[PDB]
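Structure first, then comments.
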Amino acid sequence: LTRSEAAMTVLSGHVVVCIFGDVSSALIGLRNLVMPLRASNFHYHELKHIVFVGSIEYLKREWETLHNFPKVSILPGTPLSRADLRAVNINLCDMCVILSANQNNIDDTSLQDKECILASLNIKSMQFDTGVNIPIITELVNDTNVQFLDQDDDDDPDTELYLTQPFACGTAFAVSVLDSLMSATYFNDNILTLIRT
Amino acid sequence: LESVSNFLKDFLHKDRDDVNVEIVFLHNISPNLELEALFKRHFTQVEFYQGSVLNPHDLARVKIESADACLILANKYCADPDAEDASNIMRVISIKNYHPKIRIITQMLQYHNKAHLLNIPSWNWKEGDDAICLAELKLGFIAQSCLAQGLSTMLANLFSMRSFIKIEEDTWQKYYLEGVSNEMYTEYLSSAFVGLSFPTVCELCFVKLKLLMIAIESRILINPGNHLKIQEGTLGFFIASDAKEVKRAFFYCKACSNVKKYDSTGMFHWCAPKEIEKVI
Amino acid sequence: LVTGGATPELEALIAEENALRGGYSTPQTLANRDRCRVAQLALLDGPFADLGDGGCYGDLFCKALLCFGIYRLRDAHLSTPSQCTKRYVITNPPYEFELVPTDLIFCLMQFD
Ligand SMILES: [Ca+2]
Ligand SMILES: [Ca+2]
Ligand SMILES: [Mg+2]
């Protein structure tokens, strides 16, 4: 889609996926986000539209894995660009997903989450004929940056991830919570098949 | 050492007024013996604490919730401007996350990174959050020197704090140093100047208060002319030898159509997306 | 003074779009062209030239509506000739300042 088509197309109750990446960045495996949203136990009318906002080289590297799915769109552009977010009706989405491919190929230990924090802040700052109520989920790779997603809360570096407000509300996620699955799957021998199902 | 000693020379200058402001440095590396000695020379007005701007405990140790402003200095000579700007972007989101209402002043190297900066929800340039973009101001100084040569020199001299150096030999330097003694200062004006015409106001304080009057201002209007000048709580920008001199601007005693030619605001000329193969 | 258009509206547009979209010259748009520009004027030829040899910085702000400095040749303060064309900047000279006919002056010029 060009900005024009996105702006005149009425998208409502849909999913916006914001991708940071480039030709060098690792594959995220975006089909693992798309497949659950395409399960045959949704009827074709209640099936949520999906739009990717991001670098075109990154999306055309994932495309071979997800070109079989119905109702998917690509807006080639920057997920920090207000004009691109305005064009995809970000105020009418059922979810905005913010995530980065360039998460661990940098050994700076402070740069990875940067653009995701700024994208989360930009959408909540945004105004419509009022953006603070938009449903956002942010992937974080550094555990400690979570307390940077909300401003109306008590931040403390010794508070565990599960107990912090952005996680308790379901607006932040990190792979560090999945470490308990080693132990859970050891004692409950079928439980990985349940969670996968 | 060079950044702190340059900063303290401009900040603690005697051409300013009674600056009681205490300066608190927050840096993750221990100071070397030279920089510890520079802090010993400023024992009553400078304090240093080791810590990280990215840690809310260290921001609490430095009392950011009661600081008048936070100043973020950039490495101008870094190997990669994008990594430096991305690091200074991190600092501002950390400081604003700990306290939304603190005034931040920051250097930025590249202009496209300054656009990312103002997408932070509590960054508010209407209440003094200042991004000093070096690429914008540099290329702008150069650009204004294409209309009038040497303008980039006097603009740079108006923000540097400097006393009047005296030299007796008839040289280009004696007349240059007199000019270098000036800086630009802000002050409020209202008593006996409310409702007067902008030129008259300039004439009075140039002729009898002996200070080079308001270059601008109500809003930020440079040299307005005979119209659009009636405001009671307006501010002026003056050129003067020091901050003690400009103060006499207060308590004035009266004793002695069919095609797109511009952008959507009309601020810049526009034509069309011309093409590279046509301008080559 | 330097960027030529640092106003709240322009800042809002480039923060939204990162680009300039061209627009039509509606009379409120066209009124935004009225802003001062920096310029240098020659003092050896023009309506100021009788001050130019008259030798004193009598500011004349009552005409065309603002001078703020001199661009003086590095070898103008001495009686011997020289081939040097380099000029140094004097910012805010005194009202009584001794000027010479081979001076340029920095000024802000109205739109017309
Ligand atoms: Ca927080
Ligand atoms: Ca001075
Ligand atoms: Mg102290």
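Heads up, chain A uses Swiss-Prot numbers, so what you see runs 828-956, 995-1062.
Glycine is no exception: its Cβ is also placed from the backbone N, Cα and C atoms.
These features come from Swiss-Prot:
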- A:837-857: region 'Segment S9' (REGION)
- A:1003-1025: motif 'Calcium bowl' (MOTIF)
- A:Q1012, A:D1015, A:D1018, A:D1020: Ca(2+) binding site (BINDING)
- A:1032-1052: region 'Segment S10' (REGION)
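DSSP classifies A:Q1012 (Ca(2+) binding site) as helix under the three-state reduction. Remote same-chain residues near the motif 'Calcium bowl' (A:1003-1025) are listed as 924-927, 930-931, 936-937, 939-940, 943-944, 947, 1031-1032, 1036-1041 (criterion: CB distance under 8 Å, separation of at least six residues from the stretch ends). Break the region 'Segment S10' (A:1032-1052) down by DSSP state and the numbers are 15 helix, 2 strand, 4 coil. In sequence order, A:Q1012, A:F1013 make up the list of same-chain residues 6 or more apart from A:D1020 (Ca(2+) binding site) whose Cβ falls under 8 Å from its Cβ. For the binding-site residues listed here (A:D1015, A:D1018), the lowest count of other CB atoms within 10 A around the CB belongs to A:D1018. Per-class residue totals from DSSP over the region 'Segment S9' (A:837-857), listed helix then strand then coil: 0 helix, 7 strand, 14 coil. Its own atom aside, the Cβ of A:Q1012 (Ca(2+) binding site) has 22 Cβ atoms within 10 angstroms in the protein chains shown. Candidate binding-site residues A:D1015, A:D1018, A:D1020 yield A:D1020 as lying near chain B, with Cβ-Cβ distance under 8 angstroms.
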